[PDB]
Amino acid sequence: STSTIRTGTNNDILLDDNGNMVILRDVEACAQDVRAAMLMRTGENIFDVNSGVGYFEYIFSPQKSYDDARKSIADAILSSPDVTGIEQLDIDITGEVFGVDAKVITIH
Amino acid sequence: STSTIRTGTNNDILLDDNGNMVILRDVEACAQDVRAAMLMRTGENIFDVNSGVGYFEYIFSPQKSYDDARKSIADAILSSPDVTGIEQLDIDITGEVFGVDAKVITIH
Amino acid sequence: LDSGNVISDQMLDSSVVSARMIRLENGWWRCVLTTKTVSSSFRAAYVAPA
Amino acid sequence: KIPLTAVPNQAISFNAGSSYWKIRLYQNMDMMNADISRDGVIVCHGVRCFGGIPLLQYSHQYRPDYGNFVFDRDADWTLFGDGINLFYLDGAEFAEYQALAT
Amino acid sequence: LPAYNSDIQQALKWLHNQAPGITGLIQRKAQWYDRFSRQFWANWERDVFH
Amino acid sequence: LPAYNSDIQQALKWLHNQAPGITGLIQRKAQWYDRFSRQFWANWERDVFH
Amino acid sequence: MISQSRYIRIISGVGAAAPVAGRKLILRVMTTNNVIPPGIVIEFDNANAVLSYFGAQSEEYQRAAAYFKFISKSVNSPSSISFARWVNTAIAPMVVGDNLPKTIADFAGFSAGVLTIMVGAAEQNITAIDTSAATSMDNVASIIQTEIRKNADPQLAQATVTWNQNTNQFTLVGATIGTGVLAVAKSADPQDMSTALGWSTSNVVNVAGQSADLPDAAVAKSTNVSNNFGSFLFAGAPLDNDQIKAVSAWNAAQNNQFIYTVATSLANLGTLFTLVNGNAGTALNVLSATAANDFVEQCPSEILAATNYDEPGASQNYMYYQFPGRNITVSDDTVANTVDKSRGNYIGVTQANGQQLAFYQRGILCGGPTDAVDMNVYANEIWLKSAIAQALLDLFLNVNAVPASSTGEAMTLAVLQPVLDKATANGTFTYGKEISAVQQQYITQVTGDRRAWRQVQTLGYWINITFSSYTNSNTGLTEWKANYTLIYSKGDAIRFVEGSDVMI
Amino acid sequence: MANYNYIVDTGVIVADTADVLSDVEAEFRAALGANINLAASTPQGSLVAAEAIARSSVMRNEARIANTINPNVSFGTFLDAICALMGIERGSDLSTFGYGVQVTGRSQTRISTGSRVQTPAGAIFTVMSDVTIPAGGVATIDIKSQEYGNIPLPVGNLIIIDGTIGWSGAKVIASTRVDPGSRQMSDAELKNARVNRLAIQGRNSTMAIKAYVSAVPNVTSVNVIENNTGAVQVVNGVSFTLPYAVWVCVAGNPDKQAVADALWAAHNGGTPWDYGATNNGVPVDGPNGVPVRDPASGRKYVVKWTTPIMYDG
């Protein structure tokens with residue numbers, strides 16, 4: 001029920017050999033959208049403040065609980081037009097990296 | 001959301017070098033006002049009786065519980081235009097001095 | 001004398017108004033002093049090198 | 001006077017001077033702007049606001065016998081209700097005020 | 001029967017003892033009204049007395 | 001009193017850093033509007049400036 | 001009619017007032033300004049005090065103004081700063097003794113028989129000095145200078161005087177440079193200047209002439225005077241490589257006591273890194289040649305000074321802090337990689353064309369393989385060492401005797417318990433981290449007991465105390481000493497994030 | 001298709017950002033398909049945002065200058081509109097000085113931008129550094145913090161930011177004194193000046209004369225009449241075809257010159273001044289009242305006014 005324009009590993013429009021923009025159908029469009037949503041950060045969407053991932057306040061800064069970051073990421077994964085629910089979320093926080101893993105559910 | 005005129009360590013109007021009265025903005029005005037309110041004592045405010053601190057009835061006079069003094073001081077700290085709530089109150093009573101300590105909460 | 005600038009004038013009373021120097025030939029100059037004081041107790045005038 | 005509040009965009013309707021008025025106030029870049037309608041009929045659009053000068057400028061509209069509006073000072077939606085007021089004046093006093101202007 | 005005070009100096013309180021400024025201001029207002037509000041009436045009645 | 005920005009570049013979000021395409025497109029639109037919407041007004045004002 | 005303050009007293013005071021007792025982690029600046037005496041350190045609590053003491057034109061006022069205005073994630077401010085002098089060249093002996101506003105031109109009527117006594121190499125006295133005029137303090141200073149010049153002593157034959165105005169001191173200066181000692185004493189003459197003048201009365205700072213010295217010696221002497229600071233700094237002109245290397249070596253001589261922060265340019269990193277490999281405790285910062293300095297090197301010091309250690313959740317990261325005042329240095333991946341390989345710190349820009357993001361990026365710190373590299377670990381070790389030392393001294397000063405038996409070691413554990421509780425609540429210790437095989441072998445090698453790695457995995461620390469005997473070098477006798485070993489899991493902060501999502 | 005003709009006869013219309021945003025969303029949705037995703041993260045969402053901002057900004061800016069000829073406007077357009085008649089802007093000057101007085105120790109330099117204060121607490125800065133003569137006298141150059149038409153009292157100054165051993169910020173009347181203009185007329189007194197000028201031009205010859213003379217100090221009453229013919233109209237005006245028949249009363253005329261100055265302002269441009277019939281009011285002087293030449297780049301002119309005959313009742 002969704003659709004979007006394919007982009008490469010960098011966040012730019014990717015063109016095929018024929019030089020035609022391709023409109024991705026469902027499923028794959030959902031993957032593109034969720035990646036972009038998790039990468040979008042808070043405080044950037046003009047005309048909609050308080051949307052995005054609060055990285056600098058909830059993850060990078062020293063924190064007490066870390067539950068707030070989980071809630072923020074769960075909300076960011078949601079609000080996609082097609083995503084229904086979240087099955088898993090890990091938040092490894094092992095070693096130096098802040099590991100994150102998730103699997104979501106779509107209608108199709 | 002409050003304002004007042006600055007006064008010195010003694011409760012008189014203090015003027016700067018330029019000879020102009022200064023209208024303190026919030027926060028600092030709250031500190032000045034709460035100090036003045038705690039210093040007022042009850043019984044002398046015409047047009048509003050029963051407002052102030054009952055020193056001669058609740059502190060200096062021999063007493064049973066000392067809870068009444070705490071209640072009166074808490075009320076006096078309140079009724080300020082900006083003050084919201086009281087965080088701490090101590091009431092030490094060590095030696096001859098009657099220790100009092102408080103931390104106040106404002107909107108700003 | 002050589003440059004032609006009125007260096008210092010002083011106000012003890014309301015006396016002085018203006019002072020100026022005018023150029024003349026062969027190292028000669030003319031000094032003008034204007035004094036407009038409310039009082040009138042003129043007593044003496046002094047001139048000396050500095 | 002006209003009751004107001006401290007909001008960037010607002011519109012109120014009131015019945016004064018034996019006529020029906022509706023005024024919309026909004027901020028545009030730096031200066032404030034207004035839109036005035038009478039009896040369900042538009043009158044003027046996008047008039048600037050200044051202290052003392054009248055809102056209705058062109059000769060015909062402001063009155064054969066109606067009134068007009070004037071701000072005391074320059075408009076600012078953050079100072080409404082506190083030191084900034086808007087006043088309505090019917091024909092007689094507006095006429096004498098206009099004469100006093102020159 | 002209840003007493004009526006009607007005194008200007010009621011405004012001064014505990015908190016103003018070592019204050020020369022505000023106390024002086026209130027006191028000066030006090031004798032201003034004393035001179036021009038009540039002593040005036042006393043003189044007026046003593047003069048209107050035939 | 002509150003500031004009004006009114007800038008085209010605000011549309012760009014920093015998901016877009018290594019993108020030559022979309023950033024270039026937005027920027028080119030930006031100088032198009034800069035040339036034909038506001039510098040136009042400045043030149044017109046300076047010309048009608050008597 | 002008697003006063004409020006005799007019965008009721010309220011001190012009030014604005015919020016964010018946190019009384020504190022213990023070691024202070026505050027900036028110390030070594031300056032070449034003439035006003036500061038060589039042997040004294042000064043502590044300020046506000047930028048206004050620094051402004052009054054030094055003046056707006058001074059570099060130090062700018063540094064202090066930049067330093068004080070800073071807010072951490074938890075609202076906090078440095079709330080202190082210290083200063084010290086480094087003499088660059090040989091100086092003449094001098095004296096100074098006034099701090100209080102004594103100068104209101106009271107010299108009137110003091111002309112008759114001025115008999116100030118100057119205790120130089122040989123005792124000498126001054127003659128009568130006219131001060132009845134008292135026209136201006138600089139005039140009377142010049143008068144005193146002339147009367148001093150009237151003496152035939154080699155030091156006083158070319159002496160000078162100076163009076164500063166924003167601060168209130170009177171200063172003498174000797175003739176020769178690098179050698180000589182001066183002193184001043186009061187007398188029985190009722191109308192003497194020394195009693196009225198700053199010097200020869202109570203707290204008076206005296207200076208001995210002495211030659212130039214290396215900066216490391218100067219900082220060592222400053223520490224010997226007092227050591228209640230952290231992350232010292234040299235202001236003014238940049239220093240050459242050799243002096244910086246010497247200071248770094250001296251700092252490394254002490255074991256995790258302070259942080260050495262320096263400023264340098266991009267072209268200079270190739271030289272310094274080779275010279276200052278290892279030598280832990282030194283921070284390298286990149287400075288922009290084109291623009292103003294903006295005092296980039298102070299950032300770690302401000303971050304450290306803003307830290308509060310008593311409250312829980314204290315350990316903070318250094319990777320992401322924003323300084324709006326500072327400028328921007330690097331903007332490319334290649335230069336960033338080169339700088340990181342060179343172990344430098346900078347403020348890198350992530351974008352233009354919209355609201356900018358820049359932050360003090362690398363929290364790394366040059367040092368050898370064995371020592372900790374991250375800054376937060378260094379700060380935590382500093383605080384931990386201070387607390388442990390204070391606890392041990394409290395034990396020694398309170399109990400009458402510590403027997404060399406099991407009771408003594410039990411007492412030591414009992415005393416150290418609260419410090420470890422404070423540390424584990426603070427955040428310097430961590431629990432639950434995984435232990436690698438080589439790490440487990442290392443732990444078992446350090447302490448002879450096996451299964452301690454399980455302890456440090458679960459609780460995060462492991463302690464043990466034993467006592468033995470030894471002989472000291474100063475005296476042939478022998479005493480008893482106690483040895484402990486402490487192993488704990490280092491704290492960490494997030495630097496890089498890994499993610500992945502799968503549709504099903 | 002989705003365009004709104006937001007400029008109409010009544011004026012210009014401005015809509016809320018939500019409405020233009022929805023219209024742009026509808027445009028792109030029709031452009032690609034009903035199943036597109038329009039969020040900030042996706043590129044087409046960024047295109048939506050850019051288009052909406054551009055449209056709203058250009059439309060608001062165009063609405064900004066919709067009316068200019070009406071003298072309500074300001075900020076440059078109004079500046080030219082008023083300068084068409086008369087008007088000065090800028091006037092943003094601060095009084096730089098010369099010939100300062102400074103006494104201090106020998107062979108020292110005062111760093112630039114020192115701070116000095118006057119008794120009413122005005123802050124004055126210096127300009128350029130200079131050495132000090134061993135005598136103890138140098139000349140300084142000053143400037144102030146605020147760009148205002150400040151009035152500095154001639155009193156010995158006080159130093160705020162102090163160099164070493166440098167005292168006595170002192171005045172001398174040999175110092176050049178400058179009166180600085182300070183944004184004297186910003187936006188509203190310009191409109192007041194325009195009002196005053198249009199009031200000035202409104203009056204005719206006689207009304208202007210009586211209004212101006214009414215403003216003259218100590219003047220009690222004035223009478224003015226125009227013959228417009230060679231015959232008698234109220235009095236025997238047969239002197240010329242069209243003189244000014246003017247009579248002025250005063251309580252002494254303290255400013256004789258100013259009375260002519262007011263009259264000199266009011267002149268129609270083709271009618272002479274002289275009046276008399278050897279029986280009317282006695283003129284002050286025979287050939288002329290010796291006016292001023294011109295305050296503004298001009299030469300001499302002559303006028304003629306009379307005074308009434310005193311009586312006793």
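Residues numbered from 1 in each chain as written, not as in the entry; some residues may be left out. Chains lettered and ligands numbered in written order. Part of a larger assembly, values for the part shown. Heavy atoms only, no water.

If you check the header, you'll see the entry was determined by cryo-EM and the resolution is listed as 3.42 Å.

1. What about the overall build of chain C?
Quick note on the threshold: Numbering of helices and strands starts at the N terminus; helices are DSSP runs of H or I of at least 4 residues and strands are runs of E of at least 2. Atoms considered for the radius of gyration are the C-alpha atoms alone. The globule rule reads 2.2 Å times the number of residues to the power 0.38. Classification of residues uses two cut-offs on accessible area relative to the type maximum, computed with a 1.4 Å probe and protein chains only: under 20% is buried, over 50% is exposed, and between them is partly exposed. Any two residues whose heavy atoms approach within 4.5 Å are treated as being in contact. The Shrake-Rupley method, run with a 1.4 Å probe sphere, supplies the accessible areas, and residue values consider only the shown protein chains as cover. Neither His nor the chain ends is counted toward charge; the positive residues are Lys and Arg and the negative residues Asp and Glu. For this purpose, a charge sits on NZ of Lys, CZ of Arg, CG of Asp or CD of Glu.
Within chain C one finds zero helices and two strands. Here the C-alpha radius of gyration of chain C, 13 Å, is well above what a compact globule of 50 residues would show, namely 10 Å. Judged by the C-alpha coordinates and their principal axes, chain C covers about 40 × 20 × 15 Å. Evaluated residue by residue, chain C yields a buried proportion of 6% over its 50 residues. Restricting the contact set of chain C to residue pairs at least 6 apart, pairs at least 24 apart contribute 15%. Carbon and sulfur atoms make up 56% of the accessible area of chain C, which amounts to about 4900 Å² in all. Here chain C contributes 5 positively and 4 negatively charged side chains, and the mean placements of these two sets differ by 9 Å.

2. What about the packing of helix α1 (residues 47–54) of chain G against helix α2 (residues 59–68) of chain G?
Working note: a packed helix pair is described by the angle between its axes plus the distance between those axes. Residue and element names in this part refer to chain G. The cut-off we apply is this: Here an angle of 0 to 180 degrees is reported between the N-to-C directions of two axes, which are lines fitted to C-alpha atoms, with helices fitted over the stretch in contact. With respect to orientation, any angle under 35 degrees is reported as roughly parallel, any angle over 145 as roughly antiparallel, any angle of 65 to 115 as roughly perpendicular, and every other angle as oblique. Note on residue categories: nonpolar means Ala, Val, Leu, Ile, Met, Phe, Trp, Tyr, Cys or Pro, charged means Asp, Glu, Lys or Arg, and polar means any other residue, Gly included.
Look at α1 against α2: their axes get within 9 Å of each other, and the N-to-C directions meet at 180°. When the interaxial angle is binned, α1 and α2 end up roughly antiparallel. Taking contact as the criterion, the partners of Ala 47, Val 50, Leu 51 and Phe 54 in α1 are, on α2, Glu 60, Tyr 61, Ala 64 and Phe 68. Along the lines of polarity and charge, the residues of the contact of α1 with α2 split into seven nonpolar, no polar and one charged.

3. Things to note about the interface of chain G and chain A
Formally: A simple way to read buried area is as the amount of 1.4 Å-probe accessible surface that goes missing from two parts once joined, with both sides added. A pairing counts as a salt bridge when a side-chain nitrogen of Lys or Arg comes within 4 Å of a carboxyl oxygen of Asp or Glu. Counted as a polar contact is a pair of N or O atoms within 3.5 Å, where, for protein atoms, one must be capable of donating a hydrogen and the other of accepting one, and residues adjacent in sequence contribute only when both atoms are in side chains.
On the chain A side, the residues contacting the 23 residues of chain G number 27 residues. Across the chain G to chain A interface the summed buried area is about 2100 Å²; carbon plus sulfur atoms make up 60%. At the boundary of chain G and chain A, one finds one salt bridge. For the interface between chain G and chain A, the tally reads nine residue pairs in polar contact. Those elements that provide at least two residues to the side of chain G that touches chain A are β18 (496–498) and β19 (501–502) of chain G.

4. Let's talk about the pattern of salt bridges
The final tally for this structure, using the stated rule, is 21 salt bridges over all chains. The shortest N-O distance in the salt bridge between F:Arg38 and F:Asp34 comes to 2.4 Å. Pair noted here: F:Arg38 and F:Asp34 are both in helix α1 (residues 21–48), with a separation of four residues, about one helical turn. By relative accessible area, F:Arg38 is classed as partly exposed at 45%. Residue class for F:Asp34 comes out partly exposed when judged on its relative accessible area of 35%. Two residues, G:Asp340 and G:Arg362, come together in a salt bridge whose shortest N-O distance is 3.9 Å. Taken as a pair, G:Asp340 in helix α9 (residues 333–341) and G:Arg362 in the loop between β15 (358–360) and α10 (375–398) lie far apart in primary sequence, 22 residues in all. Judged by relative accessible area, G:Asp340 falls into the partly exposed class, the value being 25%. One connected set of salt bridges, linked through shared partners, spans F:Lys29, H:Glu27, H:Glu51 and H:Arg55.

5. Some remarks on the interface of chain H and chain A
Every contact between the two is made by 11 residues of chain H and, on the other side, 13 residues of chain A. Together chain H and chain A conceal approximately 1100 Å² of surface at their shared face, both sides included; 65% is due to carbon and sulfur atoms. Area buried by chain H at its contact with chain A is led by H:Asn35, H:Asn37 and H:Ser41, which between them contribute 42% of it. There are zero salt bridges connecting chain H and chain A. The interface formed by chain H and chain A holds seven residue pairs in polar contact in total. Listed by contribution, the elements that provide at least two residues to the side of chain H that touches chain A are α1 (17–32) and α2 (43–64) of chain H. Element by element, the count of residues in the side of chain H that touches chain A is highest for α2(H), at three residues. Looking at the side of chain H that touches chain A, its residues break down into five nonpolar, six polar and no charged.

6. Here we look at the sheet that holds strand β11 (residues 232–234) of chain G
Residues and elements named next belong to chain G. Let me state the cut-off plainly: The pairing criterion is simple: DSSP has to find at least two bridges between the two strands.
The strand order β2-β3-β1-β11 describes an open sheet built from four strands, whose pairing is mixed. In this open sheet, the two edge strands, each paired with only one partner strand, are β2 (42–44) and β11. For this sheet, the mean angle separating the axes of adjacent strands, direction not counted, is 25°. Pairing of strand β1 (residues 28–31) with strand β3 (residues 81–85), which is carried by four bridges, proceeds in the parallel orientation. Residue pairing across strands places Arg 28 opposite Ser 82, the latter belonging to β3.

7. So, the packing of aromatic side chains
Stated precisely, the cut-off is as follows: Stacked, tilted and edge-to-face are the three classes applied to pairs of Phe, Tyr and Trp rings, where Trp contributes its six-membered ring and a pair requires centres within 6.5 Å; stacked means planes under 30 degrees apart, edge-to-face means over 60, and tilted covers the rest.
For the structure shown, the criterion picks out 42 aromatic pairs over all chains. Ring centres 6.3 Å apart and planes at 65° place the aromatic pair G:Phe232 and G:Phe234 in the edge-to-face group. The class of G:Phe232 is buried, set by a relative accessible area of 0%. Classification of G:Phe234 as buried rests on a relative accessible area of 10%. Each ring, one from G:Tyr320 and one from G:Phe359, has its centre 5.0 Å from the other, and the planes form 70°; the classification is edge-to-face. Remark: G:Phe359 occurs in strand β15 and G:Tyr320 occurs in the loop between α8 (299–305) and α9; sequence separation between them is 39 residues. Take G:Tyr320 and G:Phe359: they sit in the same class, and that class is buried. An aromatic cluster is built from A:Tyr55, A:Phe56, A:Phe60, G:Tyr320 and G:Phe359, whose rings are joined through pairwise contacts.

8. Concerning the side chain of H:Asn280
All names here are of chain H. When you line up the elements, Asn 280 lands in the segment after α6 (256–265). Look at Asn 280 and you get buried, because its relative accessible area is 17%. Residues within four places of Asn 280 in sequence aside, it is in contact with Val 235, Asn 236, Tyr 275 and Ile 309.

9. As for empty space enclosed by the protein
Residue and element names in this part refer to chain G. What counts is decided by this rule: A cavity, in this analysis, means grid points on a 1 Å lattice covering only the protein atoms where a 1.4 Å probe fits yet has no way out; a pocket is instead an open set bounded by protein on both sides within 12 Å along at least five of seven lines, and a residue lines either one if it has an atom within 4 Å of a point. Grid points are joined across faces, edges and corners, and a volume is the space filled by probe spheres set on the points.
Following the criterion strictly, the structure yields 11 cavities of 30 Å³ or more and no others. As a volume, the largest cavity reaches approximately 160 Å³. As for the largest cavity, its lining consists of 15 residues, of which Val 95, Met 118, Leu 156, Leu 172 and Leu 182 are closest to the centre. Computed from the structure, the second largest cavity encloses a volume of approximately 100 Å³. Forming the boundary of the second largest cavity are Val 114, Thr 116, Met 118, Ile 126, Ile 129, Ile 144, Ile 148, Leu 172, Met 193, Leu 197 and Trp 199. Taken together, the residues of the lining of the second largest cavity sort by class into 10 nonpolar, one polar and no charged.

10. A few points about the nonpolar core
All names here are of chain G. Quick note on the threshold: Here the nonpolar core consists of buried residues drawn from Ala, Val, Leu, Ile, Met, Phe, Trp, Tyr and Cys, with membership extended through side-chain atoms lying within 4.5 Å.
Within the largest apolar cluster, 38 residues are counted, with the highest numbers of intra-cluster contacts made by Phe 44, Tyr 67, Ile 81, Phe 232 and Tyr 260. A per-element tally of this core places α1 first, with four residues. With near-sequence residues (within four places) excluded, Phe 232 lies in contact with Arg 28, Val 219, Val 247, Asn 251, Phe 258, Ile 259, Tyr 260 and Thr 261. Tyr 318, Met 375, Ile 382 and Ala 423 belong to the second largest nonpolar core, which has 30 residues in total.

11. Concerning the pairing of β3(G)
The element β3(G) is extensively covered by neighbouring structure, given that five of its five residues are classed as buried. Side-chain alternation along β3(G) places G:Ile81, G:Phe83 and G:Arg85 on one buried face and G:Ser82 and G:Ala84 on a second face that is also buried.

12. Description of the environment of H:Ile143
All names here are of chain H. Following the sequence through the fold, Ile 143 ends up in strand β4 (residues 142–144). Exposure remark for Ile 143: the relative accessible area of 28% places this residue in the partly exposed category. As for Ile 143 and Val 127, which are separated by 16 residues in sequence, their C-alpha atoms are 6.8 Å apart. Leaving out residues up to four positions away in the same chain, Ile 143 has contacts with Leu 94, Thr 96, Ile 124, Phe 125, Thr 126 and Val 127.

13. Considering a nonpolar patch on the surface
Residue and element names in this part refer to chain B. How we decide: Patches here are clusters of residues that have more than 30% relative accessible area and form no salt bridge, with a 9 Å joining cutoff for like charges and a 5 Å cutoff for nonpolar side chains (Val, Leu, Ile, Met, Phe, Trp, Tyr).
There is a patch of nonpolar side chains on the surface, built from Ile 5, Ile 13, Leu 15, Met 21 and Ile 23 and spanning about 430 Å² of accessible area. For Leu 15, the location among the structural elements is in the loop between β1 (4–5) and β2 (23–24). What makes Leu 15 partly exposed here is its relative accessible area of 39%.

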